[PDB]
């Protein structure tokens, strides 16, 4: 029914949490449709991915972070996959992310937060085309 774009971020690799994160999505019965490993993502790709954040004070630090180690980009498929994976992901802010969520259990920074997931049907299409042209 729906396809969403997930990024396993460089901090997941540094902290050896790649399997842990992918395992939480896998156990929810979401199916991998496409996947790519990036040893270092091109900065331009990152900048496109986060285009809506270009005027934010953290934009450059964010881009630096996202190129600092490997990323895995994954297209997951399932009924209402976009909203469901967003709820598994958890809130951006470590003051709010709920225990039981990926970020709530594992992330302790607003920036180094392990995982990206598309937030809407519109943005899922855009992001899938970025990472899987």
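Numbering follows the first chain given and starts at 1.
Comparing 82 to 90 with 27 to 35, the higher mean C-alpha B-factor in the PDB entry belongs to 27 to 35. For the two regions 120 to 128 and 12 to 20, the entry's Cα B-factors average higher over 120 to 128.
Considering 71, 63, 45, 96 together, the PDB entry gives 45 the largest C-alpha B factor. When the CA B factors of the chain's modelled residues are split into thirds, the value for residue 106 lands in the lowest one.
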